[PDB]
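In what follows, a single structure is set out as structure tokens and then discussed.
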Amino acid sequence: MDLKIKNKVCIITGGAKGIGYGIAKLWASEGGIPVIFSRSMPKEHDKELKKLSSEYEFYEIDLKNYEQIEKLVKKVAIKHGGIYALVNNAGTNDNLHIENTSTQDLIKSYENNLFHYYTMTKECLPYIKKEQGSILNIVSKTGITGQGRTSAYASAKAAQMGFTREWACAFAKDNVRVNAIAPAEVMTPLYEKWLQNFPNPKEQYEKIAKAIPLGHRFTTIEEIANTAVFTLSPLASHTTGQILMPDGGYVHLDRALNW
Amino acid sequence: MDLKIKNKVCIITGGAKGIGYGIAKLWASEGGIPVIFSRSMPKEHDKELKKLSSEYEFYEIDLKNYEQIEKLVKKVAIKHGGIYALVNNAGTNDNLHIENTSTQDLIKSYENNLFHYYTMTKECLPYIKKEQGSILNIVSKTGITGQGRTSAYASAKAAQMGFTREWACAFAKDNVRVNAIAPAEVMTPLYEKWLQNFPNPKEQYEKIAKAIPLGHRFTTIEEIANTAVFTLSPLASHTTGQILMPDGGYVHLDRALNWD
């Protein structure tokens, strides 16, 4: 299947690790040019991305600094001639519960998880409109389902679903598509380290994983990336405003399901 | 992108024309083997599918005949060694409004549009489970949004969304994925024929298409097929229970949206 993304530039925030890095590698392996906006880039990942895409670039960026985003997005467009797509992905679940988190720390969490989806999209939009490209917002099941001790992350993820619908409305006339992917449980190196905090890591994994109908196992980075890159590509040219769940059935299947 | 469907068999009901045929062609272009279950097969379409896949087959079938379905699904599995996927797609919008349609005629509509989704899936399931394959139900925006003068079609399409969720639950343990695609307005030769019946076909098209946010134009068969075949493939290996809308924004974006 020819995704028709050869030499198309995609900026990926938080693209140096985890889901974002999986999207970056697949974008490059399909002929696209990934541009990584992250605070840091592991040297081994820089090496692999360079092997996959000779025009790939890493831009060291503090996504809480709006002026740095404006400067760096413009440098990307100058270097490459334009931008076809943006994947907003930087952020983490910081488990900030309302009952012991101040409003000020909610806002600090939004600085880390929410506001740069807006700033990045604002600055990329003139270029993405010119190329009739794509915006993809990586969100989370938690913005749909809740979780119970993570008010700041849950509301940021839902806000980004709202941006997805709003920007889909705003730019459909421009033939710019705007979609989101809501992963549920995705195995990443960071998740693996978290599981290793537990007295029995395999037991904790199985405790979480048994609630996933399809295979009682976490989604893979590859599975998220496959749907992300297909959705960004022109082969998904009438898909907009969608919140996509490649999640093993986590959101939609009967909560009581078991083996 | 390597979809990893080389030599995998997919049965497509209503696969001789329109959306089903687009799925069949793309399945074959990507290395899969499409098997078409329909009442008839255009000669030119048979020629094109054979050009794409020497093992493609057309089986003439009355999808209201459950025993013929049983016998022909078995024939496919014997011939090819198994079945990886099923696309349930046969049916039409017959615009049967409740106020002037008897319950008997509702049921006759279900014979045309609904019951064979169950029968086909029942008979394919042992084979698809063995191959840890995929079931894809083609439904319609109308099962979600309603329309207003098509009770039989709307309820059949919604019933099939129910089957999608139920079968996803039933066979997740078997690593069988079950999903649906809900197209909105898809340009097909059948749609073009329907439009040509109006005194002003262009204006009728534009009246409908102006309500589609992405481009004020119908979805293409290729757009439906691309999402269908990707979803069927092992690359969507954690996608199940989904009702997918490649639809230009028809279901989800503000109904008031316009280009002003």
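Chain identifiers are assigned as A, B, and so on, following the order in which chains appear in the structure tokens; residues are numbered from 1 within each chain, and ligands are numbered from 1 in order of appearance.
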
Would you mind listing, as a PDB file with N, CA, C and O atoms, in the first residue's frame, all residues of chain B that have at least one atom within 9 Å of chain A, where only C-alpha atoms are what counts?
```
ATOM      1  N   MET B   1       3.779   0.707   2.619  1.00  0.00           N
ATOM      2  CA  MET B   1       3.217   0.006   3.770  1.00  0.00           C
ATOM      3  C   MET B   1       2.790  -1.415   3.377  1.00  0.00           C
ATOM      4  O   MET B   1       1.926  -1.598   2.516  1.00  0.00           O
ATOM      5  N   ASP B   2       3.420  -2.418   3.997  1.00  0.00           N
ATOM      6  CA  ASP B   2       3.132  -3.828   3.724  1.00  0.00           C
ATOM      7  C   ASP B   2       2.001  -4.291   4.638  1.00  0.00           C
ATOM      8  O   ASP B   2       2.197  -4.455   5.847  1.00  0.00           O
ATOM      9  N   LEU B   3       0.817  -4.512   4.053  1.00  0.00           N
ATOM     10  CA  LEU B   3      -0.358  -4.879   4.832  1.00  0.00           C
ATOM     11  C   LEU B   3      -0.346  -6.329   5.294  1.00  0.00           C
ATOM     12  O   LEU B   3      -1.193  -6.700   6.113  1.00  0.00           O
ATOM     13  N   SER B  29      -5.174  -6.044  -5.204  1.00  0.00           N
ATOM     14  CA  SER B  29      -3.967  -5.295  -5.541  1.00  0.00           C
ATOM     15  C   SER B  29      -2.902  -5.443  -4.465  1.00  0.00           C
ATOM     16  O   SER B  29      -1.704  -5.432  -4.773  1.00  0.00           O
ATOM     17  N   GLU B  30      -3.315  -5.600  -3.209  1.00  0.00           N
ATOM     18  CA  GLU B  30      -2.397  -5.748  -2.090  1.00  0.00           C
ATOM     19  C   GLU B  30      -1.998  -7.196  -1.840  1.00  0.00           C
ATOM     20  O   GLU B  30      -1.356  -7.483  -0.826  1.00  0.00           O
ATOM     21  N   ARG B 165     -20.404  -4.894  17.839  1.00  0.00           N
ATOM     22  CA  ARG B 165     -19.972  -4.842  19.227  1.00  0.00           C
ATOM     23  C   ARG B 165     -20.084  -6.213  19.878  1.00  0.00           C
ATOM     24  O   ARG B 165     -19.182  -6.633  20.617  1.00  0.00           O
ATOM     25  N   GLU B 166     -21.172  -6.927  19.589  1.00  0.00           N
ATOM     26  CA  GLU B 166     -21.404  -8.236  20.195  1.00  0.00           C
ATOM     27  C   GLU B 166     -20.366  -9.253  19.730  1.00  0.00           C
ATOM     28  O   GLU B 166     -19.807  -9.995  20.545  1.00  0.00           O
ATOM     29  N   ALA B 168     -17.401  -8.567  18.476  1.00  0.00           N
ATOM     30  CA  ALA B 168     -16.109  -8.179  19.029  1.00  0.00           C
ATOM     31  C   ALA B 168     -15.922  -8.740  20.433  1.00  0.00           C
ATOM     32  O   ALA B 168     -14.841  -9.247  20.764  1.00  0.00           O
ATOM     33  N   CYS B 169     -16.974  -8.680  21.259  1.00  0.00           N
ATOM     34  CA  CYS B 169     -16.939  -9.285  22.589  1.00  0.00           C
ATOM     35  C   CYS B 169     -16.752 -10.790  22.497  1.00  0.00           C
ATOM     36  O   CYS B 169     -15.922 -11.371  23.205  1.00  0.00           O
ATOM     37  N   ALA B 170     -17.529 -11.433  21.624  1.00  0.00           N
ATOM     38  CA  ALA B 170     -17.564 -12.892  21.565  1.00  0.00           C
ATOM     39  C   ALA B 170     -16.224 -13.481  21.151  1.00  0.00           C
ATOM     40  O   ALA B 170     -15.816 -14.530  21.663  1.00  0.00           O
ATOM     41  N   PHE B 171     -15.513 -12.828  20.234  1.00  0.00           N
ATOM     42  CA  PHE B 171     -14.356 -13.460  19.612  1.00  0.00           C
ATOM     43  C   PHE B 171     -13.045 -12.735  19.895  1.00  0.00           C
ATOM     44  O   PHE B 171     -12.013 -13.087  19.314  1.00  0.00           O
ATOM     45  N   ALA B 172     -13.044 -11.761  20.806  1.00  0.00           N
ATOM     46  CA  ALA B 172     -11.782 -11.155  21.216  1.00  0.00           C
ATOM     47  C   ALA B 172     -10.834 -12.207  21.777  1.00  0.00           C
ATOM     48  O   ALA B 172      -9.623 -12.165  21.522  1.00  0.00           O
ATOM     49  N   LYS B 173     -11.371 -13.166  22.535  1.00  0.00           N
ATOM     50  CA  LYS B 173     -10.555 -14.244  23.096  1.00  0.00           C
ATOM     51  C   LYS B 173      -9.911 -15.093  22.017  1.00  0.00           C
ATOM     52  O   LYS B 173      -8.874 -15.717  22.270  1.00  0.00           O
ATOM     53  N   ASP B 174     -10.497 -15.126  20.824  1.00  0.00           N
ATOM     54  CA  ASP B 174      -9.996 -15.910  19.706  1.00  0.00           C
ATOM     55  C   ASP B 174      -9.051 -15.117  18.820  1.00  0.00           C
ATOM     56  O   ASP B 174      -8.624 -15.627  17.775  1.00  0.00           O
ATOM     57  N   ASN B 175      -8.731 -13.880  19.215  1.00  0.00           N
ATOM     58  CA  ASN B 175      -7.966 -12.940  18.393  1.00  0.00           C
ATOM     59  C   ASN B 175      -8.610 -12.736  17.027  1.00  0.00           C
ATOM     60  O   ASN B 175      -7.930 -12.692  16.002  1.00  0.00           O
ATOM     61  N   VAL B 176      -9.936 -12.623  17.011  1.00  0.00           N
ATOM     62  CA  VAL B 176     -10.675 -12.230  15.820  1.00  0.00           C
ATOM     63  C   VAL B 176     -11.184 -10.812  16.049  1.00  0.00           C
ATOM     64  O   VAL B 176     -11.868 -10.546  17.045  1.00  0.00           O
ATOM     65  N   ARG B 177     -10.848  -9.905  15.127  1.00  0.00           N
ATOM     66  CA  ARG B 177     -11.290  -8.516  15.209  1.00  0.00           C
ATOM     67  C   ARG B 177     -12.578  -8.327  14.417  1.00  0.00           C
ATOM     68  O   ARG B 177     -12.734  -8.890  13.334  1.00  0.00           O
ATOM     69  N   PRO B 213     -18.730  18.543   5.081  1.00  0.00           N
ATOM     70  CA  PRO B 213     -17.737  19.580   5.402  1.00  0.00           C
ATOM     71  C   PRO B 213     -16.445  19.485   4.605  1.00  0.00           C
ATOM     72  O   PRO B 213     -15.921  20.514   4.153  1.00  0.00           O
ATOM     73  N   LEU B 214     -15.907  18.284   4.413  1.00  0.00           N
ATOM     74  CA  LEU B 214     -14.590  18.155   3.794  1.00  0.00           C
ATOM     75  C   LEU B 214     -14.761  18.180   2.276  1.00  0.00           C
ATOM     76  O   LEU B 214     -14.996  17.161   1.625  1.00  0.00           O
ATOM     77  N   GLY B 215     -14.669  19.383   1.706  1.00  0.00           N
ATOM     78  CA  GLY B 215     -14.660  19.556   0.268  1.00  0.00           C
ATOM     79  C   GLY B 215     -16.005  19.719  -0.411  1.00  0.00           C
ATOM     80  O   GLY B 215     -16.037  19.891  -1.642  1.00  0.00           O
ATOM     81  N   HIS B 216     -17.116  19.673   0.330  1.00  0.00           N
ATOM     82  CA  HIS B 216     -18.456  19.700  -0.269  1.00  0.00           C
ATOM     83  C   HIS B 216     -18.557  18.717  -1.433  1.00  0.00           C
ATOM     84  O   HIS B 216     -19.006  19.057  -2.529  1.00  0.00           O
ATOM     85  N   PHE B 218     -18.758  14.171  -2.401  1.00  0.00           N
ATOM     86  CA  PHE B 218     -18.985  12.826  -1.896  1.00  0.00           C
ATOM     87  C   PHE B 218     -17.661  12.135  -1.583  1.00  0.00           C
ATOM     88  O   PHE B 218     -16.632  12.387  -2.217  1.00  0.00           O
ATOM     89  N   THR B 219     -17.713  11.226  -0.611  1.00  0.00           N
ATOM     90  CA  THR B 219     -16.633  10.273  -0.418  1.00  0.00           C
ATOM     91  C   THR B 219     -16.464   9.421  -1.670  1.00  0.00           C
ATOM     92  O   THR B 219     -17.438   9.119  -2.365  1.00  0.00           O
ATOM     93  N   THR B 220     -15.222   9.026  -1.959  1.00  0.00           N
ATOM     94  CA  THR B 220     -14.964   8.116  -3.070  1.00  0.00           C
ATOM     95  C   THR B 220     -14.965   6.661  -2.609  1.00  0.00           C
ATOM     96  O   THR B 220     -14.716   6.348  -1.443  1.00  0.00           O
ATOM     97  N   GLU B 222     -12.701   4.651  -3.382  1.00  0.00           N
ATOM     98  CA  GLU B 222     -11.325   4.370  -2.981  1.00  0.00           C
ATOM     99  C   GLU B 222     -11.087   4.751  -1.524  1.00  0.00           C
ATOM    100  O   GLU B 222     -10.389   4.038  -0.795  1.00  0.00           O
ATOM    101  N   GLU B 223     -11.666   5.870  -1.080  1.00  0.00           N
ATOM    102  CA  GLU B 223     -11.520   6.261   0.316  1.00  0.00           C
ATOM    103  C   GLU B 223     -12.126   5.215   1.251  1.00  0.00           C
ATOM    104  O   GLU B 223     -11.494   4.826   2.242  1.00  0.00           O
ATOM    105  N   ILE B 224     -13.314   4.697   0.924  1.00  0.00           N
ATOM    106  CA  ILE B 224     -13.895   3.647   1.760  1.00  0.00           C
ATOM    107  C   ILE B 224     -13.002   2.418   1.747  1.00  0.00           C
ATOM    108  O   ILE B 224     -12.679   1.853   2.797  1.00  0.00           O
ATOM    109  N   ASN B 226      -9.793   2.036   1.135  1.00  0.00           N
ATOM    110  CA  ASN B 226      -8.500   2.159   1.810  1.00  0.00           C
ATOM    111  C   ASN B 226      -8.648   1.921   3.303  1.00  0.00           C
ATOM    112  O   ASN B 226      -7.880   1.158   3.905  1.00  0.00           O
ATOM    113  N   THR B 227      -9.647   2.556   3.921  1.00  0.00           N
ATOM    114  CA  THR B 227      -9.839   2.342   5.351  1.00  0.00           C
ATOM    115  C   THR B 227     -10.313   0.922   5.632  1.00  0.00           C
ATOM    116  O   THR B 227      -9.892   0.312   6.620  1.00  0.00           O
ATOM    117  N   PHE B 230      -7.153  -1.502   5.165  1.00  0.00           N
ATOM    118  CA  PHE B 230      -6.238  -1.290   6.282  1.00  0.00           C
ATOM    119  C   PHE B 230      -6.791  -1.902   7.567  1.00  0.00           C
ATOM    120  O   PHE B 230      -6.063  -2.576   8.310  1.00  0.00           O
ATOM    121  N   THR B 231      -8.084  -1.690   7.839  1.00  0.00           N
ATOM    122  CA  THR B 231      -8.691  -2.193   9.068  1.00  0.00           C
ATOM    123  C   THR B 231      -8.741  -3.718   9.088  1.00  0.00           C
ATOM    124  O   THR B 231      -8.526  -4.340  10.139  1.00  0.00           O
ATOM    125  N   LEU B 235      -2.232  -4.958  10.200  1.00  0.00           N
ATOM    126  CA  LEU B 235      -1.660  -3.717  10.701  1.00  0.00           C
ATOM    127  C   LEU B 235      -2.591  -3.018  11.676  1.00  0.00           C
ATOM    128  O   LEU B 235      -2.132  -2.166  12.442  1.00  0.00           O
ATOM    129  N   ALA B 236      -3.877  -3.350  11.655  1.00  0.00           N
ATOM    130  CA  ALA B 236      -4.845  -2.835  12.628  1.00  0.00           C
ATOM    131  C   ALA B 236      -5.125  -3.877  13.700  1.00  0.00           C
ATOM    132  O   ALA B 236      -6.268  -4.104  14.093  1.00  0.00           O
ATOM    133  N   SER B 237      -4.056  -4.497  14.218  1.00  0.00           N
ATOM    134  CA  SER B 237      -4.193  -5.713  15.019  1.00  0.00           C
ATOM    135  C   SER B 237      -4.708  -5.476  16.435  1.00  0.00           C
ATOM    136  O   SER B 237      -4.963  -6.460  17.147  1.00  0.00           O
ATOM    137  N   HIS B 238      -4.897  -4.224  16.875  1.00  0.00           N
ATOM    138  CA  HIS B 238      -5.575  -4.028  18.147  1.00  0.00           C
ATOM    139  C   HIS B 238      -6.864  -3.240  17.965  1.00  0.00           C
ATOM    140  O   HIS B 238      -7.386  -2.662  18.925  1.00  0.00           O
ATOM    141  N   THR B 239      -7.391  -3.202  16.746  1.00  0.00           N
ATOM    142  CA  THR B 239      -8.608  -2.453  16.464  1.00  0.00           C
ATOM    143  C   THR B 239      -9.771  -3.437  16.419  1.00  0.00           C
ATOM    144  O   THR B 239      -9.852  -4.271  15.512  1.00  0.00           O
ATOM    145  N   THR B 240     -10.674  -3.349  17.393  1.00  0.00           N
ATOM    146  CA  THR B 240     -11.860  -4.189  17.359  1.00  0.00           C
ATOM    147  C   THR B 240     -13.018  -3.431  17.984  1.00  0.00           C
ATOM    148  O   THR B 240     -12.821  -2.567  18.837  1.00  0.00           O
ATOM    149  N   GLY B 241     -14.227  -3.792  17.567  1.00  0.00           N
ATOM    150  CA  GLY B 241     -15.414  -3.154  18.096  1.00  0.00           C
ATOM    151  C   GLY B 241     -15.659  -1.762  17.577  1.00  0.00           C
ATOM    152  O   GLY B 241     -16.545  -1.070  18.088  1.00  0.00           O
ATOM    153  N   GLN B 242     -14.898  -1.319  16.582  1.00  0.00           N
ATOM    154  CA  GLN B 242     -14.959   0.065  16.143  1.00  0.00           C
ATOM    155  C   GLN B 242     -16.007   0.278  15.067  1.00  0.00           C
ATOM    156  O   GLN B 242     -16.186  -0.556  14.178  1.00  0.00           O
ATOM    157  N   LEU B 244     -16.239   2.928  12.275  1.00  0.00           N
ATOM    158  CA  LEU B 244     -15.327   3.878  11.663  1.00  0.00           C
ATOM    159  C   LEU B 244     -16.069   4.748  10.665  1.00  0.00           C
ATOM    160  O   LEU B 244     -16.875   4.250   9.878  1.00  0.00           O
ATOM    161  N   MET B 245     -15.791   6.050  10.701  1.00  0.00           N
ATOM    162  CA  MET B 245     -16.458   7.038   9.855  1.00  0.00           C
ATOM    163  C   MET B 245     -15.440   7.780   9.003  1.00  0.00           C
ATOM    164  O   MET B 245     -14.948   8.845   9.404  1.00  0.00           O
ATOM    165  N   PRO B 246     -15.093   7.251   7.834  1.00  0.00           N
ATOM    166  CA  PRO B 246     -14.446   8.061   6.799  1.00  0.00           C
ATOM    167  C   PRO B 246     -15.526   8.731   5.973  1.00  0.00           C
ATOM    168  O   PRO B 246     -16.025   8.139   5.011  1.00  0.00           O
ATOM    169  N   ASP B 247     -15.937   9.946   6.361  1.00  0.00           N
ATOM    170  CA  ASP B 247     -17.224  10.433   5.879  1.00  0.00           C
ATOM    171  C   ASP B 247     -17.231  11.936   5.619  1.00  0.00           C
ATOM    172  O   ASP B 247     -18.310  12.523   5.452  1.00  0.00           O
ATOM    173  N   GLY B 248     -16.060  12.570   5.566  1.00  0.00           N
ATOM    174  CA  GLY B 248     -16.001  13.992   5.302  1.00  0.00           C
ATOM    175  C   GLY B 248     -16.455  14.863   6.447  1.00  0.00           C
ATOM    176  O   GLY B 248     -16.579  16.072   6.265  1.00  0.00           O
ATOM    177  N   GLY B 249     -16.682  14.285   7.628  1.00  0.00           N
ATOM    178  CA  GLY B 249     -17.197  15.021   8.760  1.00  0.00           C
ATOM    179  C   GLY B 249     -18.698  14.964   8.924  1.00  0.00           C
ATOM    180  O   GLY B 249     -19.236  15.709   9.746  1.00  0.00           O
ATOM    181  N   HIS B 252     -19.992  13.908  12.629  1.00  0.00           N
ATOM    182  CA  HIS B 252     -19.498  14.465  13.884  1.00  0.00           C
ATOM    183  C   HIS B 252     -19.369  15.979  13.919  1.00  0.00           C
ATOM    184  O   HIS B 252     -19.306  16.544  15.018  1.00  0.00           O
ATOM    185  N   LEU B 253     -19.298  16.649  12.778  1.00  0.00           N
ATOM    186  CA  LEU B 253     -19.048  18.083  12.795  1.00  0.00           C
ATOM    187  C   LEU B 253     -20.348  18.874  12.797  1.00  0.00           C
ATOM    188  O   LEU B 253     -21.365  18.438  12.258  1.00  0.00           O
ATOM    189  N   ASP B 254     -20.296  20.050  13.416  1.00  0.00           N
ATOM    190  CA  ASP B 254     -21.433  20.964  13.540  1.00  0.00           C
ATOM    191  C   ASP B 254     -22.325  20.974  12.297  1.00  0.00           C
ATOM    192  O   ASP B 254     -21.869  21.272  11.192  1.00  0.00           O
ATOM    193  N   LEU B 257     -22.247  23.994   9.894  1.00  0.00           N
ATOM    194  CA  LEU B 257     -21.018  24.392   9.222  1.00  0.00           C
ATOM    195  C   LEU B 257     -21.301  24.740   7.764  1.00  0.00           C
ATOM    196  O   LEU B 257     -22.016  24.015   7.064  1.00  0.00           O
ATOM    197  N   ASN B 258     -20.756  25.872   7.319  1.00  0.00           N
ATOM    198  CA  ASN B 258     -20.832  26.249   5.914  1.00  0.00           C
ATOM    199  C   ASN B 258     -19.570  27.025   5.555  1.00  0.00           C
ATOM    200  O   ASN B 258     -18.708  27.275   6.402  1.00  0.00           O
ATOM    201  N   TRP B 259     -19.459  27.400   4.285  1.00  0.00           N
ATOM    202  CA  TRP B 259     -18.247  28.050   3.806  1.00  0.00           C
ATOM    203  C   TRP B 259     -18.302  29.570   3.912  1.00  0.00           C
ATOM    204  O   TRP B 259     -17.343  30.238   3.511  1.00  0.00           O
TER     205      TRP B 259
END
```

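When DSSP reads the backbone of this structure, the residues of range 21-222 of chain B it assigns to strand (DSSP E or B) are residues 33, 34, 35, 36, 37, 38, 57, 58, 59, 60, 85, 86, 87, 88, 134, 135, 136, 137, 138, 177, 178, 179, 180, 181, 186 and 219 of chain B.
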
Need to verify the contact set: residue 112 in chain A, 9 Å, only C-alpha atoms, exclusion of same-chain residues closer than 5 positions in sequence. Can you return it as a VMD selection string? chain A and resid 63 to 64 90 to 92 107

Who sits within 12 Å of residue 70 in chain B, only C-alpha atoms, same chain under 6 positions skipped, as a ChimeraX atom specification: /B:61-64,76-77,116,118-125

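Counting only C-alpha atoms, the residue from B:186, B:127, B:87, B:193 that sits nearest to residue 20 in chain B is B:87.
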